[PDB]
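# Structural description and commentary
Letter by letter, the chains look like this.
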Amino acid sequence: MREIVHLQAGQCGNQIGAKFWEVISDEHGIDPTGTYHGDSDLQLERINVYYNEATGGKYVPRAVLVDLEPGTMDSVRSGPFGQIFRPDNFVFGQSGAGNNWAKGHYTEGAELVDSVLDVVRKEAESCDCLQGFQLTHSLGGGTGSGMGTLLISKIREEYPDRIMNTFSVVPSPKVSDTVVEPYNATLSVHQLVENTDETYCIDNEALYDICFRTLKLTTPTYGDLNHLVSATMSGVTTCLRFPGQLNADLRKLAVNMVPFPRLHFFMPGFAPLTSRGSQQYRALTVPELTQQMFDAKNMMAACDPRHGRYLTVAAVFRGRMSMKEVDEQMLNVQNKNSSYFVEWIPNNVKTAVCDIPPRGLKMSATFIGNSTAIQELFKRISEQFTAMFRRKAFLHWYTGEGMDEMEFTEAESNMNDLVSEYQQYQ
Amino acid sequence: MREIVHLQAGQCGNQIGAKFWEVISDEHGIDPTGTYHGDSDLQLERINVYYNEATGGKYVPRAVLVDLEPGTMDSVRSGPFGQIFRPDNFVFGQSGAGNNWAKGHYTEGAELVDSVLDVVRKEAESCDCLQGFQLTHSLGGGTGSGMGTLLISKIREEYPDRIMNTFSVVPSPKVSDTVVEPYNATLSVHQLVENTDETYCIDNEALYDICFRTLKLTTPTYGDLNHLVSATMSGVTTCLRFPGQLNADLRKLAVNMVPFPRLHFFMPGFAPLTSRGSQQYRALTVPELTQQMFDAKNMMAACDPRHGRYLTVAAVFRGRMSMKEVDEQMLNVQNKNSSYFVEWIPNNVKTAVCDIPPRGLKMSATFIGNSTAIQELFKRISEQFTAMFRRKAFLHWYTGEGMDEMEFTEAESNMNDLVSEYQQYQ
Amino acid sequence: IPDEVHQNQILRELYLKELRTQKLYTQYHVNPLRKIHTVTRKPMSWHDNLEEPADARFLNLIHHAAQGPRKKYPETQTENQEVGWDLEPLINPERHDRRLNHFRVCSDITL
Amino acid sequence: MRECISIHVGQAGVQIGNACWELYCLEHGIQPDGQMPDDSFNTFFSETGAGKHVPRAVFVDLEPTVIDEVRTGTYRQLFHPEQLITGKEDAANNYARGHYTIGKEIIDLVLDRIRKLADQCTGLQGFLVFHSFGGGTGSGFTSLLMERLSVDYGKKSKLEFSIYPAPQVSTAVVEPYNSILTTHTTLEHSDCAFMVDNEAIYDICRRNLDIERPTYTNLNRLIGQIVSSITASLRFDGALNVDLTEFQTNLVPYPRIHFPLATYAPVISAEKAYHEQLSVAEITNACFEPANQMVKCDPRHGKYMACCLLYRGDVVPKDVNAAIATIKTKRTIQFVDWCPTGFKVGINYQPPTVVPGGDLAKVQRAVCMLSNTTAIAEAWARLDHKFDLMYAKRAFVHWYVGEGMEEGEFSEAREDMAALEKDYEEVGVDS
Amino acid sequence: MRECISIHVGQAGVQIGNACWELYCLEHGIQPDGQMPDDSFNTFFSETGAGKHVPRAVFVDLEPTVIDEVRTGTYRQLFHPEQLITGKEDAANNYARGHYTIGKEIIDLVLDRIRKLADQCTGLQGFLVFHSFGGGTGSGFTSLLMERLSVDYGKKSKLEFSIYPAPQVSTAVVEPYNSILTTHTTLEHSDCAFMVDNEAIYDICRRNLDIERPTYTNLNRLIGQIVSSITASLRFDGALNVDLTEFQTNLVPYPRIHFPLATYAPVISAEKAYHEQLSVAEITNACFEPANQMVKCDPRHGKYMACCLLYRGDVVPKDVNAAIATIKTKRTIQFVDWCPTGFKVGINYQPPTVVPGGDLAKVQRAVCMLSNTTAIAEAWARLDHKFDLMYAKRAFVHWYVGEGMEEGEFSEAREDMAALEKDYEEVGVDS
Ligand SMILES: Nc1nc2c(ncn2[C@@H]2O[C@H](COP(=O)(O)OP(=O)(O)OP(=O)(O)O)[C@@H](O)[C@H]2O)c(=O)[nH]1
Ligand SMILES: Nc1nc2c(ncn2[C@@H]2O[C@H](COP(=O)(O)OP(=O)(O)OP(=O)(O)O)[C@@H](O)[C@H]2O)c(=O)[nH]1
Ligand SMILES: Nc1nc2c(ncn2[C@@H]2O[C@H](COP(=O)(O)OP(=O)(O)O)[C@@H](O)[C@H]2O)c(=O)[nH]1
Ligand SMILES: Nc1nc2c(ncn2[C@@H]2O[C@H](COP(=O)(O)OP(=O)(O)O)[C@@H](O)[C@H]2O)c(=O)[nH]1
Ligand SMILES: [Mg+2]
Ligand SMILES: [Mg+2]
């Protein structure tokens with residue numbers, strides 16, 4: 001009925017969807033070959049949101065995997081859940097971007113945009129009514145963040161009134177794995193502030209913090225990290241596929257959360273997660289779920305809203321739960337914490353409930369909350385970007401490819417204006 | 001009742017029709033011995049359209065094979081289905097043409113067309129009510145172009161009011177083979193303007209692109225290319241042999257796609273083709289079959305249909321289907337593509353559905369389209385002829401056989417008038 | 001300006017490794033129990049009205065799908081199905097007794 | 001003794017007549033071989049003394065593949081083998097070919113069988129001609145068919161059933177050329193001309209029958225129930241009985257206006273018909289619904305001239321007059337000031353008979369509505385534009401010209417059709 | 001004869017409606033398939049020829065996830081499938097989207113099915129609509145639902161049962177934005193309009209029904225009992241019978257004031273019913289408690305204008321007028337000096353029926369009071385403050401304005417709400 005079409009961008013973009021399409025396939029009971037092994041008929045009632053129908057009883061995902069290095073997709077295709085995708089969806093170039101934003105934006109972007117927009121017309125025109133699109137990427141590489149900014153700009157122009165959901169992995173000072181990553185982040189958020197409906201800020205510091213301190217995994221390979229990211233991606237838009245007592249789809253969270261069109265940066269977090277040994281001494285009740293939820297340990301961003309102000313709060317719940325408890329616990333945290341919440345918007349929180357829980361679990365919830373702690377990540381990224389641009393660092397690998405030097409100062413003028421808006425709303 | 005005499009000319013034509021009689025005898029269940037071994041008895045309801053009854057319950061095809069070298073027919077006779085043809089219809093000379101248009105039209109043509117017109121007179125007089133003739137040839141060789149154009153001219157002055165059908169393989173620049181290739185195509189189009197009721201345009205570039213990118217074949221042997229052409233010939237004349245809800249034979253499509261008498265060049269295409277691995281990832285629906293019919297990758301002519309205006313479109317369907325789905329699909333492609341379709345003819349599309357598809361496939365698609373992009377093929381052919389004729393390239397071979405030098409000027413004046421007619425109505 | 005002599009063999013090795021990695025669908029014909037479309041057969045064309053068998057498994061799927069949630073599941077799955085789950089009367093429905101069950105009764109003059 | 005002859009010309013008349021004669025055979029309880037396992041069948045059958053029933057139908061076509069399915073089908077023993085008249089070469093969507101050079105070989109054969117069929121009749125009521133305006137055979141060959149029937153039979157009634165070319169969907173390119181020349185014959189040689197097009201059947205089958213993609217078989221079964229409702233007055237008794245001459249006088253105010261609009265009610269599937277209560281006073285509203293009209297035109301833009309209602313089944317005459325009083329009190333339904341008695345009622349006792357494998361529901365109460373409105377003026381002006389847009393610089397004219405007809409007959413058809421559309425403007429005005 | 005049409009608007013409407021329609025079938029002894037194993041069912045159900053009943057309900061929704069649960073459950077065979085109206089895309093908590101962009105695509109379908117249901121009615125007492133202020137098209141499409149009903153239908157009754165946004169608990173941020181823009185429609189195009197907010201029903205279920213963990217099913221069973229006691233005077237014989245138009249005129253002092261407060265008594269459990277007797281005087285005093293009120297406002301602050309009461313069961317008129325005398329003697333409760341006789345009394349013999357699996361117990365004597373107080377200004381100036389507190393810094397205005405409505409229409413809702421709160425101030429002053 002209402003459809004979200006999936007898009008990928010980069011090596012991190014393909015690896016996120018490789019675990020994301022696995023976790024919801026088990027949620028809908030689909031084997032690696034692509035059959036149906038389900039015990040409830042309600043799962044197949046709303047399955048056309050993400051799966052297309054083929055002959056013989058085949059479900060294929062609506063995903064377009066985009067990369068400039070075919071060695072990543074070959075690991076995706078040889079994976080346990082890589083044969084389900086239609087082979088036409090893989091779009092690849094022959095030369096890489098080399099972790100350069102300008103290489104993936106101006107030079108090699110123009111020769112690969114014709115292929116990807118040739119595919120997404122087929123993924124859009126072939127159905128009844130579109131709800132929106134989805135993108136996942138990282139802001140550290142020139143592949144995912146390169147044309148991922150630029151593929152939106154044409155398709156936003158082609159499709160003016162839709163919903164554009166994006167997952168952005170911001171670079172971090174502690175898990176800094178690229179020298180030129182402030183140059184990548186600053187010119188991408190500059191394009192992202194005007195071209196994008198929603199964007200979730202996930203950082204690898206907080207992903208490391210949750211897996212180390214809370215989940216106590218000894219060897220968390222990135223598949224385990226992508227397990228945690230994709231569980232939040234499923235829980236946000238789970239109202240599209242499952243009816244509830246009170247439902248709130250992607251457009252319901254779209255209008256209510258953003259107070260102004262330029263502030264669409266959020267921090268996700270998740271609650272039921274515990275360690276392997278601490279399960280039998282822990283219960284799952286709504287207070288336990290909301291007690292651990294607003295805790296800063298389980299936040300999936302490198303920012304703490306204790307230093308800032310909650311603009312608007314959201315929580316999308318799952319499982320067998322009473323309406324009163326979901327309402328009484330959330331009333332107390334607004335009333336007791338008189339400093340962390342804004343005063344010029346009362347009843348800051350929106351609430352949704354879903355009857356169908358994730359398998360192997362009774363209760364769950366997904367958190368989205370906009371705060372002024374996001375300017376901590378924006379300011380520390382901007383100061384490193386200005387520090388290197390003062391002394392002519394790495395510029396000829398961007399400006400030598402045919403771009404102006406003054407576009408940075410326009411992007412710097414956009415960057416400090418955005419953080420100025422967060423200060424005057426704080 | 002209504003019968004077509006099939007006629008084959010040249011090395012390219014004989015290999016095209018040898019696959020054609022192999023593929024349509026599969027539809028009617030005729031063994032290479034010539035007897036009948038089939039499952040549905042509908043195959044004898046309309047079999048006299050292409051066959052002649054012989055004693056003992058044997059069926060022979062209604063074909064005449066003309067050539068000037070015996071080195072092609074002995075391969076045809078040693079082929080799989082080479083035992084069904086009548087040995088009288090094998091007509092040939094002893095001395096080769098040498099890939100010269102003047103040889104097959106003036107030098108060696110006048111000695112053989114006495115014998116060939118004797119054979120086709122017996123085949124046409126033995127019919128009940130003659131629908132017309134069918135010819136497979138190419139416009140790049142001595143036999144395919146030279147004798148073929150004269151052979152139509154002798155036919156038309158004897159049988160004035162029939163349906164003359166020809167298939168031509170148009171020469172191409174990137175698969176250029178002979179040095180005198182623009183000489184042959186320019187002199188043969190002059191006769192095809194005023195002597196045939198309809199012509200089908202096939203490019204060797206499009207057959208190579210289709211068999212490698214869409215089909216994803218490892219080895220594009222000429223049999224596989226000819227298997228693509230043979231599906232078009234079977235699908236065009238399927239309303240004569242197969243009953244249906246809505247039917248369209250040769251003469252019904254003759255009036256509808258020819259608005260003016262000098263415009264009878266068409267672009268065929270086929271639409272249920274699928275790659276090697278996307279068999280199970282596909283849904284067989286009419287909207288799926290319509291978009292791939294219109295797809296510019298599936299055009300069998302090496303020119304962009306997006307660069308011109310469609311005059312008329314005919315779509316011949318097969319299999320069991322419901323035509324409320326047919327008419328809604330064809331109005332969608334006309335309404336959303338306002339610029340491509342012409343405005344002086346509303347409802348450019350014509351449809352036809354037959355009950356029985358080819359075996360091993362549920363639904364089939366046959367595309368015939370009249371576009372203004374055909375001038376791109378003719379302009380490119382005209383300039384290569386002009387480059388040769390300015391410096392008088394290779395003329396001493398053609399003018400030494402008794403053909404005047406002014407005939408090339410008349411041919412290009414006639415051909416350049418046709419190109420202006422395409423732009424006049426565009 | 002690409003090198004087609006290399007592009008063709010790149011496509012060849014691509015298709016070849018796709019052939020190596022291809023695993024077929026294991027022939028489990030699954031269909032949705034909700035709805036599938038039909039095309040009506042011809043009145044006179046006897047090539048359409050041949051005698052031909054029908055699957056009973058999909059008949060059983062229809063007869064199990066067009067059924068009540070209480071008959072399907074032993075315990076309720078969601079909360080919106082809780083209303084009307086138990087439809088039994090706790091006391092027998094003596095609606096015939098005009099003594100304890102006052103009701104509107106039609107008159108001959110209004111009708 | 002009240003007898004009628006049905007003529008199916010072209011392809012479109014065959015499958016429409018195919019849906020009729022499989023419906024008629026089961027309506028009278030006849031086996032597929034034509035022998036019963038009551039004088040009602042005499043309207044549409046002739047009783048052979050050996051005990052077999054023969055339909056009063058002549059199947060005529062110029063292409064053999066559409067009749068050869070009938071010669072080998074289920075009722076191959078029903079028809080006379082000589083009535084299935086088949087030509088040699090089709091007209092190929094040419095009005096010129098099917099009227100002058102191809103139809104001249106078969107016109108001699110068909111008029112002998114019409115004479116032999118009508119000589120058997122002890123009393124004649126009317127003809128039933130089935131075709132479409134789009135195709136060449138249904139247009140060109142029907143044009144000189146009624147010309148010969150006019151000079152052979154003077155005051156004989158001839159019902160002309162035609163499929164109108166839809167404005168949006170179209171299966172031909174030369175389709176507007178055929179319909180303009182076709183109207184010239186129907187304007188003079190036809191007493192009535194029932195207009196139903198394909199596009200409105202597509203929408204009615206979608207929302208009411210709940211079938212998303214109908215084919216021709218589901219389309220023509222709706223046509224068959226309209227024709228069966230008209231002829232149920234002749235075959236079966238009723239509280240009020242009408243004839244063919246009854247509504248021909250009562251629906252045609254002027255000799256140039258004989259183009260009624262025919263719709264049917266109810267069209268309800270078997271799943272929904274379990275639910276609604278169906279009464280006479282509520283199915284009259286379904287006739288005048290703009291969505292349930294069988295022609296893609298808006299009746300609310302035009303003014304009604306007359307209406308003919310044919311109720312079937314358990315219908316009481318108080319309910320039809322209560323329903324007419326309900327309709328006349330509404331303001332959206334409009335009538336001309338020169339016609340206060342704008343209705344007509346027909347009631348029959350036998351309910352419509354459903355077909356096994358059909359899509360309709362077994363309902364006692366059904367109604368067929370025949371109105372002649374001014375809302376069909378917009379349905380021709382949209383096709384008047386398309387023909388003149390083709391004829392701006394002589395498109396597809398050379399195929400008709402070289403056949404043997406001259407160039408000035410295209411303008412004469414335009415001049416007669418432009419004069420006919422001006423007749424609606426002058427009679428639609430109030431005084 | 002008497003009958004009404006239920007219009008369940010929104011996701012709250014469906015969950016309320018299936019709570020009400022489950023109660024109605026067991027009240028009239030109708031199985032889920034619609035056939036029973038007397039004209040009491042005539043007010044809501046419609047009789048067909050086969051022995052079924054079709055409820056006179058139209059479900060208005062903009063999301064398909066809340067209709068398909070009705071089409072799957074036990075009552076899939078009860079409702080006619082064309083009564084469930086589903087939009088293509090939800091407005092997603094936007095008054096403006098459901099007013100100008102989304103709502104006009106299906107506004108034609110709602111009014112068409114309204115015409116069909118009112119056609120079947122021989123005399124229409126009124127309409128009932130069910131919606132919530134909080135949601136998008138529950139508040140948005142209801143606003144343009146009233147505009148078409150008032151223009152087309154002149155003086156037909158249209159009751160508006162609503163759910164007010166709770167002062168403390170909420171499930172939205174734009175929830176005060178949606179509520180104030182609906183004051184324009186309800187002030188102009190509503191004959192009567194109730195409200196109960198969810199925070200008050202939360203207090204009662206915790207302390208009276210003895211439920212630790214209730215959901216909206218236990219709330220909607222309570223709201224179903226309120227509507228059942230209102231309409232049972234239409235469905236069953238009464239010592240005093242009160243119609244729908246009777247207490248409509250008798251509670252409103254002015255056309256600007258049509259906002260009563262609903263409370264029910266008794267609400268006790270089946271274990272606490274074993275202990276306390278439930279007489280006429282004991283249930284009368286319970287409706288005056290500010291704790292048991294179903295709106296978070298205190299009538300001790302305000303002044304009563306009028307009172308409507310609805311008794312059911314073994315209720316004697318002697319004990320009714322005895323308990324009214326006691327209430328007037330206490331000085332904690334006040335009445336305005338311009339309404340000395342403010343009460344209205346109705347008695348029905350049939351006790352309220354209970355649902356299987358419900359929380360309440362079967363009671364002889366129950367009362368459902370409809371009192372209009374000046375205490376409703378308490379719960380409006382709080383919401384007007386919060387609507388002014390959000391809109392001071394001009395928040396969320398770009399979503400509503402960009403969809404088509406101008407920025408000045410928010411200021412229009414300010415003055416109409418400011419003037420309406422002034423009209424409630426002049427009532428409370430004594431002469
Ligand atoms: N409503 C309806 N229309 C039909 C049906 N069959 C054919 N038509 C119409 O008939 C038109 C064309 O005429 P055909 O029936 O194909 O055949 P024809 O009239 O004999 O014309 P030719 O085939 O050229 O001889 C099409 O445009 C259809 O609209 C049918 O079963 N129902
Ligand atoms: N009293 C009561 N209120 C309800 C119930 N269900 C929903 N609501 C109210 O409805 C408001 C939200 O609207 P929705 O439930 O989403 O339904 P809606 O009004 O149609 O809004 P949309 O879904 O956006 O179209 C909430 O603020 C609740 O106060 C219920 O069962 N009882
Ligand atoms: N959260 C998360 N981040 C990742 C993962 N893999 C890579 N990254 C981040 O992505 C950056 C490098 O990404 P890169 O491979 O160059 O992206 P690409 O250029 O689009 O292919 C690093 O700074 C990492 O922080 C992952 O699995 N999870
Ligand atoms: N489609 C197709 N084209 C062919 C085949 N064999 C040769 N050709 C084309 O025919 C052209 C040469 O024509 P030729 O054989 O000399 O014509 P001829 O003089 O009649 O024998 C070449 O450019 C080829 O591309 C074939 O089997 N199929
Ligand atoms: Mg035909
Ligand atoms: Mg809604």
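The numbering scheme counts residues from 1 along every chain following its written sequence, independent of the entry's numbering, with residues that lack coordinates not shown. Numbering of ligands from 1 and lettering of chains from A proceed in the order in which they are written. All reported values concern the displayed chains, which form part of a larger assembly. Computation of side-chain values: all heavy atoms of the structure, hydrogens and water removed.

Per the PDB record, the structure was determined using cryo-EM to 3.6 Å resolution.

## A closer look at the packing of aromatic side chains
Pairing of aromatic side chains here covers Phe, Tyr and the six-membered ring of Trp, requires ring centres within 6.5 Å, and sorts the geometry by plane angle: under 30 degrees stacked, over 60 edge-to-face, intermediate tilted. In this structure the tally under the stated criterion is 97 aromatic pairs over all chains. Where A:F294 meets A:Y310, the ring centres are 6.3 Å apart and the plane angle is 70 degrees; that geometry is what we call edge-to-face. One end of the pair, A:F294, is in the loop between α11 (286-291) and β11 (310-319); the other, A:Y310, is in strand β11, and 16 residues separate them in sequence. When the ring of E:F387 is compared with that of E:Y391, the centres are 6.0 Å apart and the planes differ by 10 degrees; the resulting orientation is stacked. Of this pair, E:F387 and E:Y391 both sit in helix α12 (residues 378-391), 4 residues apart, which is roughly one turn of that helix. By the burial criterion, E:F387 is buried, and E:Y391 matches it. One aromatic cluster is present, formed by A:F20, A:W21, A:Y36, A:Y50, A:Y51, A:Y59, A:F85 and A:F90 through successive ring pairs. Numbering goes from the N terminus for both helices and strands, where a helix is a DSSP run of H or I of at least four residues and a strand is a run of E of at least two. Residue burial is assigned from relative accessible area. The probe radius is 1.4 Å, only protein chains are included, and a residue is buried under 20% of its type maximum, exposed over 50%, and partly exposed in between.

## Section: the interface of chain E and chain A
Contacts between the two partners involve 38 residues from chain E, matched on the other side by 39 residues from chain A. Both sides of the chain E and chain A interface together cover about 3800 Å² of buried area, and 56% of this is carbon and sulfur. Every case where a carboxyl oxygen of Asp or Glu lies within 4 Å of a side-chain nitrogen of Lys or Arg is listed as a salt bridge. Taken together, the links from chain E to chain A amount to 4 salt bridges. For A:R251, the salt bridge is made with E:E89, and the minimal N-O distance between the two is 2.8 Å. Of all elements in the fold, only α1 (11-28), α7 (198-207), α8 (216-235), α12 and α13 (397-401) of chain E reach the threshold of two or more residues within the side of chain E that touches chain A. The leading source of residues in the side of chain E that touches chain A is α12(E), at 3 residues. We call two residues in contact when some of their heavy atoms are within 4.5 Å. Buried area, as used here, totals the accessible surface that two parts lose on assembly, with accessibility defined by a 1.4 Å probe and the loss added over both.

## Structural notes on the side chain of B:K350
Inspection of the secondary structure puts B:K350 in strand β11 (residues 349-354). Here the positive residues are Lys and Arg and the negative ones are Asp and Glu; neither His nor the chain ends is included. Buried and unpaired, B:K350 has D:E175 as its nearest opposite-charge partner, separated by 8.1 Å. Within the structure, the side chain of B:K350 is placed 3.3 Å from the backbone oxygen of D:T171, a separation counted as a polar contact. Sequence-distant contacts of B:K350, defined by excluding residues within four places in its chain, comprise B:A248, B:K252, B:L253, B:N256, B:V313, B:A314, B:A315, D:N93 and D:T171. Distance and chemistry together define a polar contact, namely a pair of N or O atoms within 3.5 Å, with one atom able to donate a hydrogen and the other to accept it when in protein, and with adjacent residues in sequence counting only for side-chain atoms on both sides.

## Quick look at the site of ligand 4
Residue and element names in this part refer to chain B. Nearness is defined per residue: one heavy atom within 4 Å of the molecule or strand is enough. Inspection of the region around ligand 4 gives 14 residues, with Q11, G142, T143, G144 and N226 positioned closest. The backbone of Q11 places a nitrogen or oxygen atom 3.2 Å from an oxygen atom of ligand 4. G144 is positioned such that a nitrogen or oxygen atom in its backbone is 2.6 Å from an oxygen atom of ligand 4. Protein chains bury 90% of the 590 Å² of accessible surface belonging to ligand 4 in isolation. Listing elements by their share of the shell around ligand 4, those giving two or more residues are α1 (10-27), α5 (142-158) and α8 (222-236). Considering every element that reaches the shell around ligand 4, the biggest residue donor is α1, with 4 residues. Residue composition of the shell around ligand 4, by class: 2 nonpolar, 10 polar and 2 charged. Accessible areas in this description were obtained via Shrake-Rupley with a 1.4 Å probe; residue shielding takes into account the shown protein chains only. Throughout, the ten residues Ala, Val, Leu, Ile, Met, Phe, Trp, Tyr, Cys and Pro are labelled nonpolar, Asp, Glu, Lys and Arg are labelled charged, and all others, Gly among them, are labelled polar.

## A closer look at the site of ligand 1
In the vicinity of ligand 1 lie 17 residues, with B:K252, D:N93, D:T137, D:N198 and D:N220 positioned nearest. Among the chains of the assembly, those with residues near ligand 1 are chains B and D.

## Here's the deal with the packing of helix α8 (residues 204-214) of chain A against helix α9 (residues 222-236) of chain A
All names here are of chain A. As a rule, the C-alpha atoms of each element are fitted with a line to give its axis, helices using only the stretch in contact, and angles between N-to-C directions run from 0 to 180 degrees. Viewed as axis vectors pointing N to C, α8 and α9 meet at an angle of 105 degrees, and their least axial separation amounts to 11 Å. On the basis of the axis angle, α8 is roughly perpendicular to α9. Across from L207, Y208, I210 and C211 in α8, the residues of α9 making contact are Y222, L225, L228 and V229. When its residues are assigned to classes, the contact of α8 with α9 shows 8 nonpolar, no polar and no charged. Small angles under 35 degrees read as roughly parallel and large ones over 145 as roughly antiparallel, with 65 to 115 read as roughly perpendicular and the rest as oblique.

## Quick look at the domain arrangement of chain A
It is common to give the size of an interface as the accessible area that goes away when the parts come together. Residues and elements named next belong to chain A. Note: domain ranges come from an automatic or database domain assignment. Partitioning chain A into domains gives domain 1 (3-257), domain 2 (265-374) and domain 3 (375-425). The centre of domain 1, based on its C-alpha atoms, is set 24 Å off from the matching centre of domain 2. Looking only at domain 1, the three residues that lose the most surface to domain 2 are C201, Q245 and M257, adding up to 21% of its buried area. On the surface where domain 1 and domain 2 come into contact, there are 1 salt bridge. When the shortest N-O distance is used, the salt bridge between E27 and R318 registers 3.0 Å. The tally of links from domain 1 across to domain 2 stands at 10 residue pairs in polar contact. Going through the elements one at a time, α1 (11-27), α2 (42-45), α7 (181-195), β9 (199-202), α8, α9 and α10 (250-257) are the ones with two or more residues in the side of domain 1 that touches domain 2. With 6 residues, the top contributor of residues to the side of domain 1 that touches domain 2 is α8.

## What about the pattern of salt bridges?
Scanning all chains against the criterion turns up 65 salt bridges over all chains. A salt bridge links A:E158 to A:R121; the nearest nitrogen and oxygen atoms lie 2.7 Å apart. One end of the pair, A:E158, is in helix α6 (residues 146-158); the other, A:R121, is in helix α5 (residues 113-125), and 37 residues separate them in sequence. Looking at A:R121, the relative accessible area reads 38%, which means it is partly exposed. With a shortest N-O distance of 3.6 Å, B:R262 and B:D417 are connected by a salt bridge. Residue B:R262 is found in the loop between α10 (250-256) and β9 (265-270), and its partner B:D417 is found in helix α15 (residues 406-424); the two are separated by 155 residues along the sequence. Taking relative accessible area as the criterion, B:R262 reaches 26% and is therefore assigned partly exposed.

## With respect to the arrangement of the chains
Comparison of the 8 pairs of chains in contact shows the highest number of contacts for chains A and E. Separated in space, chain A and chain D share no contact, their closest pair of C-alpha atoms being 14 Å apart. One thing to see here is that chain B and chain E don't touch, and their nearest C-alpha atoms sit 20 Å from each other.

## Quick look at the UniProt feature "binding site: GTP" in chain A
All names here are of chain A. UniProt positions are given in the numbering used here, feature names are shortened, and annotations may be inferred rather than shown by experiment. If you check UniProt for "binding site: GTP", the listed places come out as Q11, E69, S138, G142, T143, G144, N204 and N226 in our numbering. Spatially, the listed residues are scattered: they cover 216 residues, and their C-alpha atoms lie as much as 22.8 Å apart. When you line up the elements, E69 lands in the loop between β5 (66-67) and α3 (70-77). Turning to its location among the elements, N204 is positioned in helix α8. The residues touching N204, leaving out its near neighbours within four places in the chain, are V169 and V175.

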